[PDB]
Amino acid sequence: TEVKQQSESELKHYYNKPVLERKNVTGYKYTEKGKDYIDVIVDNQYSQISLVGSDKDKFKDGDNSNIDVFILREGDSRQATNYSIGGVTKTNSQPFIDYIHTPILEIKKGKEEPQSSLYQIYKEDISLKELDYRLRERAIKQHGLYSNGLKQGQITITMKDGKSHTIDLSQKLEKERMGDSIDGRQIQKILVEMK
């Protein structure tokens, strides 16, 4: 496989970027030069979010006032406006406002045995962008991922129906998958393997 070996410094820097997340907000969806975007104001901060992939046809044009956003600034720039990719999901329904789901979370480092950790899911519609960032954040902070040459491995998200979502730790998550979302009520097990 002829894939660019991402520097662990690059992966550390990207996955340490501050996150802007808000639930039940308004975004205005539009198409600009054949590409789909959603604009959101959070605390007088402007974000333009690319809807590339599946999320492209999930939102209606114009006002979407039932959304949750997980915003990460792409690039290193002086521009005030945030440019983020995916992480736009449907907000929880009223019966599910206080919703908590605790899937199994295990983190395995090298040849060591997996270590269980408490992980809480609050969303019915959760993006791979959010799960990817938050699981890599835990692996970085507690198990030294992207330090001392620890740059390889996998994230495995297993659903109640047996379907699995795998994320390669040696690369950033695929831009197309940042807009993909799964049923948070259906996440059973999570494994973060580092090598």
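Note that residue numbering follows the sequence shown and begins at 1.
Stretches 29-37 and 60-68 differ in mean C-alpha B factor, with the higher average recorded for 29-37. Higher average CA B factor: 48-56, of the stretches 126-134 and 48-56. Highest C-alpha temperature factor among 120, 94, 91, 84, as the PDB entry reports it: 94. In the PDB entry, a CA B factor belonging to the lowest third of its chain's modelled residues is recorded for residue 190. Residue 181: CA B factor in the lowest third of modelled residues in this chain (values from the PDB entry). Per the deposited record, the Cα B-factor of residue 105 falls in the lowest third when ranked against the other modelled residues of its chain. Residue-level temperature factors show residue 154 in the middle third of its chain, judged at the C-alpha atom. In the PDB entry, residue 9 places in the highest third of its chain by CA B-factor.
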